[PDB]
Amino acid sequence: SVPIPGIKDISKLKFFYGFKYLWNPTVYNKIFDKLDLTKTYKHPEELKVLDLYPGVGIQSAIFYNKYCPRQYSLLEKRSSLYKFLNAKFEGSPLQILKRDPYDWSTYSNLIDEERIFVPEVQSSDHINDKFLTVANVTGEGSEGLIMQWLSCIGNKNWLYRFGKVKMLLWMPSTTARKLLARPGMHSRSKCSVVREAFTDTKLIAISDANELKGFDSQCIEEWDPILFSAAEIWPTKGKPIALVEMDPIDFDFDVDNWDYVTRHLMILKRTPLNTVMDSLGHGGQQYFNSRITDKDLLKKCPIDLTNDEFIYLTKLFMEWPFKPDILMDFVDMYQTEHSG
Amino acid sequence: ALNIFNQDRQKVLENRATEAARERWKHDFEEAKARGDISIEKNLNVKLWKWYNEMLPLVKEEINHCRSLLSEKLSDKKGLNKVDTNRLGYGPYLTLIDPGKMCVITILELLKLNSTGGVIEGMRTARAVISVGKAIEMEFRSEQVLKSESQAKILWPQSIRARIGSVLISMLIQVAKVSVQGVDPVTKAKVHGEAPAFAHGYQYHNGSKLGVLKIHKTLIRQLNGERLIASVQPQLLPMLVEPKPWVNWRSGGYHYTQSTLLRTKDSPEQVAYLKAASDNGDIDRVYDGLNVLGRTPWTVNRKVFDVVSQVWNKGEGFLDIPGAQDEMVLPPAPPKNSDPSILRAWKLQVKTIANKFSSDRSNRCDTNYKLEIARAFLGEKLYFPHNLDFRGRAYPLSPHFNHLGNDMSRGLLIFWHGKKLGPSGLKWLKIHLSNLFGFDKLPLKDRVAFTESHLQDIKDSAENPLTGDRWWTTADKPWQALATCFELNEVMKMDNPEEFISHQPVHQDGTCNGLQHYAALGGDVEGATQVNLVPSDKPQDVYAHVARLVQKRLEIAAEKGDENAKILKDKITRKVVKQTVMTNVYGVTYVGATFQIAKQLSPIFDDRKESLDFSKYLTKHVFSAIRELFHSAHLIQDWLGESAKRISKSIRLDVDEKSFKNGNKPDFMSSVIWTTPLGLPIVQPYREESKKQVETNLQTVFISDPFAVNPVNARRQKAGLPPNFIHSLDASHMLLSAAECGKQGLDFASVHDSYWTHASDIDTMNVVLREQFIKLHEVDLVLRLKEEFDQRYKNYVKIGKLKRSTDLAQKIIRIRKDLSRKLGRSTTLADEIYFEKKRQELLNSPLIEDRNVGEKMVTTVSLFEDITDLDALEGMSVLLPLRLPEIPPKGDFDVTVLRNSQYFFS
DNA sequence: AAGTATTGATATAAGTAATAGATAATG
DNA sequence: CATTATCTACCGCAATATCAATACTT
Ligand SMILES: *O[C@H]1[C@@H](O)[C@H](n2cnc3c(=O)[nH]c(N)nc32)O[C@@H]1COP(=O)(O)OP(=O)(O)OP(=O)(O)O
């Protein structure tokens, strides 16, 4: 029974900091019907949901109206947006909080010690049915936050100590094309490799139908996203956005060594693998030639490799006796002899 | 017979490093094959020899391929391969030099470049390739000059240099081999294996690839050793024979090594102007001053050298010696499930530990190198040829061992010539010892009393440097204080002080010579009396006064309960405030002053480690005090800044005929230039750099082209003109003082503001320096600079906007419309410039009839030069003539009054 | 017209969100 | 009008691989 805000109230807001929000209730209803979150959470009445960068709050209001959760929390730091949300959602069971989701200390303070929001830990076999995290990172200058959250998927530390929690992400289309890539595509990168290793993602919505060529044809015809137009997002100046669903999966490898080997191996992403190995360390070319019995893997560029081949190469890297230490891999700008 | 004996050694010490290195480790192979199979650092030299002997065939094969490919002359059908295409690019260059020399040059450069460029265990590949190419081209130049003298492009492009460097570095990488020992983690079995010594790789920093070369830990294990001096020999080192005096900019300094008078880093305009000045002959005084600076003899302090050697061989962490450590101490890794903030903190700690460890290793290696040079030059007399930088200040040609180094290098140096103390030598040695202990506000008698108070401590610290009270350690200049204590112990052993022959230079310095020049130029009584230009009873400390003012400001601001204010209310010090003020008067920024004050107060640790926040408010207080304290210097530097802006935002009228057409605004190529009172031309080198990805064998480096003509960095010109002018005046005064002292026969050497000589001749030197300051500053240098700029930049036009509604502006609009029909096309500011240029060319015609007709012609700028109020009145773009501002008014203060001052230099 | 080399543009990593202090450029 | 790096002077340091468009020769 929460009041859904309108386009006239959205237009009143002045600063958006590059964040763009979808405001069409019909499109939101279609998106929620496609998601069918009641299927995963058999009892969403007791479910508790947290929102990162809520903004307009249309999605929060529609979610609460449709599902009636137990305790709903919002974390917004933008000033004008905070006053808008606070003014609108007065006298309602929905909660509003003023904290910046960028700082890890904010999460630590919220969950660990102050304990306003207390999720429950589940096993790693199935998705946590009592914790849902929805975030909006549509801002153009904050892709590093998304990459850090994926690294947190890998490290099982930030918010995933509670188990496998589903993520709904409003986030730009360019990073979506990079992240949802497949082997051989020109947009393949460490974003895509990390996504493949640590989670499974399905595209749910898109802002411009022209951008669907960048994605994979089989993947898009499987997902069947809900295509809309640039009108339904209020700030039209920005680039088209996309909605993705992130589900953590089980992984069996050493994250640090896999990270090092992928990052150093895939720099020369369009070089045959029989040449790119010598940059892993001294004698790496000879060692990997000796330990790689397959002659079909020695002519595939790192862009064409998949997470399974990368894990296999990580295993060989660990079995290497003479491996360079991965901790001493950086450049120090503070140190400079600079003798006269 | 000392000169002839040292002459042979210098010719030996000037031997080609490539030839000696070829013979050196070739010899080391003979003992290895006789003694037995080992891997000691003599076998490191053996490994270098093996690398050379296996690399030479590859270079020979490459030369053969290039020679065979260049034989034909049809480029279309030749070199269809990409590799064979670049052979036409580089091959005609490699065939000049001996391949063996080339190989040894590559190996030596790669060894020298290690642990440089921010890489933990290697060097950036761009630096490596360009440095190898530069070394090869320098060897080529030396060989060419020598063979031309014997028999009785000119500048290598940086792209070709990088290509050659990359080719040779890769070809050495493919050859270098070293053996490493390790265990495998399947069975924990210790095994051995050989690996290539170098491995090219990439790294990241804030999202950017860095092509880095990596040197094996086994190699580093020996490259850290004290045999680094044997494996790699310096090219420039202190001389034993008298240097050739400065006459021609292309011939001087070293007997066999050519050097330029100026250290022109990356600009040819400074070189051209210096060459023009040298050809004209206006810098004979500069030549004389440099000869005087570089003709004095030095020798190593044997006793202090012995003490330093014992302390270094002990291995413990001394005052400035870092010590000896073999492996890093990294804290235990946190659990992988810990918070990302904790993980980031741990990674920051690891980076800090690696930084500290690398810096300590570098300090230890540099100190070992310095002590090796000192031991190799023990007892003998050593000479320091001196070069000059563009801004006019003097520097030696020995970067490793020189008196401009740290306290160790200064204390290890004394004058080879000795002079009797005389009536004032003991007094001035005592003054010098008092100076070395941080007390200066006290007069000369009080300094003598302070020195006389501690004879027992001097005797202890001299009879036994270590294993005692060690009073010399608690001195601001420990090693120099130790040498001074030695000499006072010697003189107090004698019953007659005035008969001792001494070698210790005495420090005489002028506190903030830049502030002295400010006060002198502005004629400010307040600044002069604060800086002790006016004679007084006791020295006055501008640093102490401004520090008291900052204490007052912090007392005022401490009412906010600030912890930093509470702590530093009684802890604001002369040193911190002096390091802030000396640069501030020079024109430092807020962040620069913050850096300096935080660096100076960080060892005190009275506040937290992150004292930047506190030092922000401290610097605010310092600036608040200085704004009220100094006004004449501020006005002078503002006039310099306004002149810099006007010169930078100006276009000459001889740029072209029509236009550059590169955008609306033609590029700015005007740099601030003037002439020092000794005739030397000073040119600001600041310009923009255009870096392009240059493909090489290893990778595509990211380098610029200094030979390309680029615009001028206006911000850098503004920031550089005032300090460059001030320090040029300071160095000119130093050069004149040195020339006069050398004429009088003294032993003179100096480090910028401070001047060095024996204690007996200090009074004569002081009189000479007062006289030379008076002689140099008798003229109004600010005014003379104004006429110099007026004469140099008379035919210049600015660029600026103007109001559309200005009555004169509509006249400019019509003249633009008038010019369009006269030219026949659309009018432009460039067309206006061309019309102004041709009008000045008309005035150049000696025909009087053409002059009056030329005067009859009207140009847009010609309208402005007739006008005299449009600039003050100030849309549309307009052309304004270059009108430099009026000089600030000069106060009344007699220059010569400082001749009676006593604490001008002390 | 069809190759083909040149020239330009873009992503990389993953807390410098580690300063209002003060400011001259930018589009 | 907010942004956007930017910060005394010197005295031997701050990026690279890939992909798309375009124009140039053949
Ligand atoms: O001790 C110094 C010094 O030996 C060396 N170093 C760093 N920069 C320069 C330089 O520009 N010119 C010369 N001749 N030597 C240089 O590195 C050491 C740096 O350690 P510090 O922490 O003591 O110096 P820091 O850079 O932090 O302060 P500062 O050099 O700006 O004053």
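B:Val768 meets the conditions (1) out of contact with any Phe, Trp or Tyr (no Cβ under 8 Å at 6 or more places or on another chain); (2) farther than 30 Å from B:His432 by Cα; (3) surrounded by 15 or more Cβ atoms within 10 Å (Cβ to Cβ); (4) not polar (S, T, N, Q) in every case but one. The failed one is (2).
Of all residues in the range A:106-127, those that are exposed (fewer than 13 other Cβ atoms within 10 Å of the Cβ) and in a helix (DSSP H, G or I) total 2. Within the option set B:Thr367, B:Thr352, being hydroxyl-bearing (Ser, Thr, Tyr), loosely packed, with under 15 Cβ neighbours inside 10 Å and within 14 Å of another protein chain (Cβ to nearest Cβ) holds for one residue only, B:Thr352. Restricting to the range A:261-281, and then to whatever is more than 10 Å from DNA strand D (Cβ to nearest atom) and within 11 Å of chain B (Cβ to nearest Cβ), can you tell me which residue is nearest to B:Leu210 (Cα to Cα)? Taking the candidates together, the pick is A:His264. Of the residues contained in the range B:676-695, none is found to be more than 30 Å from the chain's Cα centre (by Cα), among the polar types (S, T, N, Q) and more than 16 Å from the ligand (Cβ to nearest atom).
Please determine whether any residue of the range B:80-97 is within 14 Å of chain A (Cβ to nearest Cβ), surrounded by fewer than 19 Cβ atoms within 10 Å (Cβ to Cβ) and within 14 Å of DNA strand D (Cβ to nearest atom). There is no residue in the range B:80-97 that is within 14 Å of chain A (Cβ to nearest Cβ), surrounded by fewer than 19 Cβ atoms within 10 Å (Cβ to Cβ) and within 14 Å of DNA strand D (Cβ to nearest atom).
Selection of first residues in the range A:319-340 that are more than 7 Å from chain B (Cβ to nearest Cβ) and of second residues that are assigned to a loop (DSSP other than H, G, I, E, B) and more than 16 Å from DNA strand D (Cβ to nearest atom), restricted to Cβ pairs under 7 Å at least 6 apart or on distinct chains, gives the following pairs, ordered by first then second residue: A:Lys323/A:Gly281; A:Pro324/A:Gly281. Identify, please: which residue in the range A:154-165 is more than 8 Å from chain B (Cβ to nearest Cβ) and at negative phi and is, among those, farthest from the chain's Cα centre (by Cα)? The residue in question is A:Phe162. Among the residues of the range A:95-153, write down those that are more than 11 Å from chain B (Cβ to nearest Cβ) and of a type in the set (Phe, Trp, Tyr). Within the range A:95-153, A:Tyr102, A:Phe117, A:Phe131 meet the criteria. When restricted to residues that are within 28 Å of B:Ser358 (Cβ to Cβ) and in a loop (DSSP other than H, G, I, E, B), the range A:287-340 contains 20.
Scanning the range B:198-212 for any residue that is facing chain A (nearest Cβ under 9 Å), of a type outside the set (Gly, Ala, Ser), farther than 30 Å from A:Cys191 by Cα and not in a loop (DSSP other than H, G, I, E, B) turns up at least one such residue.
So, A:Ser279, is that one surrounded by 15 or more Cβ atoms within 10 Å (Cβ to Cβ) and of a type in the set (S, T, N, Q) or not? Judged against the criteria, A:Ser279 is a match. As for the range B:111-129, it holds at least one residue that is charged (D, E, K, R), farther than 24 Å from B:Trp49 by Cα and in a strand (DSSP E or B). Please verify whether B:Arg344 is within 16 Å of DNA strand C (Cβ to nearest atom) and exposed (fewer than 15 other Cβ atoms within 10 Å of the Cβ), treating the condition exactly as stated. In short, yes.
Residues that are closer than 24 Å to B:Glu121 by Cα, more than 35 Å from the chain's Cα centre (by Cα) and more than 9 Å from chain A (Cβ to nearest Cβ) within the range B:318-349 comprise B:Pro331, B:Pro332, B:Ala345, B:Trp346, listed in sequence order. Inside the range B:186-197, residues that are over 19 Å from B:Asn697 (Cα atoms) and within 7 Å of another protein chain (Cβ to nearest Cβ) make up a count of 4.
Cβ separations smaller than 6 Å between residues 6+ apart or across chains give no pair from the range B:358-385 residues that are more than 30 Å from A:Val331 (Cα to Cα) to residues that are within 16 Å of DNA strand C (Cβ to nearest atom) and of a type in the set (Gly, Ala, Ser).
Rundown of residues vs (1) aliphatic (A, V, I, L, M); (2) over 23 Å from the mean Cα position of the chain (by Cα); (3) closer than 19 Å to A:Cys301 by Cβ; (4) within 13 Å of another protein chain (Cβ to nearest Cβ), yes/no style:
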{"position": "A:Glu222", "(1), (2), (3), (4)": "no, no, no, no"}
{"position": "A:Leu227", "(1), (2), (3), (4)": "yes, no, no, no"}
{"position": "A:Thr236", "(1), (2), (3), (4)": "no, yes, no, no"}
{"position": "A:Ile249", "(1), (2), (3), (4)": "yes, no, no, no"}
{"position": "A:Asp252", "(1), (2), (3), (4)": "no, no, no, no"}
{"position": "A:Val255", "(1), (2), (3), (4)": "yes, no, no, yes"}
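From the list B:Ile647, B:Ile673, the lone residue that is away from the ligand (no atom under 16 Å from the Cβ) and crowded, with 20+ Cβ neighbours inside 10 Å is B:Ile647. B:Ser826 fulfils the conditions (1) among the hydroxyl-bearing types (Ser, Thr, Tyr); (2) exposed (fewer than 14 other Cβ atoms within 10 Å of the Cβ); (3) under 30 Å from B:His507 (Cα atoms) except for a single criterion, (3). Residues that are over 51 Å from the mean Cα position of the chain (by Cα) number at least 3 in the following helices (runs of 4 or more DSSP H) confined to the range B:802-860: B:807-823, B:848-856. Of the residues making up the range A:200-235, those that are touching an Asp or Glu at 6+ places or on another chain (Cβ under 6 Å) and either buried (at least 17 other Cβ atoms within 10 Å of the Cβ) or within 24 Å of A:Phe19 (Cα to Cα) (or both) are A:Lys202, A:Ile204. In the range B:134-165, the qualifying residues are those that are small (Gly, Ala, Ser) and over 28 Å from the mean Cα position of the chain (by Cα), and the one that is surrounded by the fewest Cβ atoms within 10 Å (Cβ to Cβ) is B:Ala152. The condition (being surrounded by fewer than 17 Cβ atoms within 10 Å (Cβ to Cβ), within 16 Å of DNA strand D (Cβ to nearest atom) and away from chain B (no Cβ under 14 Å)) is satisfied by just one residue among A:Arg182, A:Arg188, A:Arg177: A:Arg182. Can you name the residue in the range B:607-627 that is more than 19 Å from B:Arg548 (Cα to Cα) and over 28 Å from the mean Cα position of the chain (by Cα) and is also nearest to DNA strand C (Cβ to nearest atom) among such residues? Out of the qualifying residues, it is B:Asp613.
Residues are listed down the side, and each one gets a yes or a no for (1) within 14 Å of another protein chain (Cβ to nearest Cβ); (2) of a type in the set (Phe, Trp, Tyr); (3) under 29 Å from the mean Cα position of the chain (by Cα):
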| position | (1), (2), (3) |
| --- | --- |
| B:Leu219 | yes, no, no |
| B:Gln235 | no, no, yes |
| B:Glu242 | no, no, yes |
| B:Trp246 | no, yes, yes |
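Residues that are over 37 Å from the mean Cα position of the chain (by Cα) and crowded, with 16+ Cβ neighbours inside 10 Å within the range B:534-561 comprise B:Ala557, B:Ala558, listed in sequence order.
We place every Cβ from the backbone using ideal geometry, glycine too, and count neighbours over all the protein chains shown. Each value in this text was obtained by applying a stated rule to the coordinates, not by laboratory testing.
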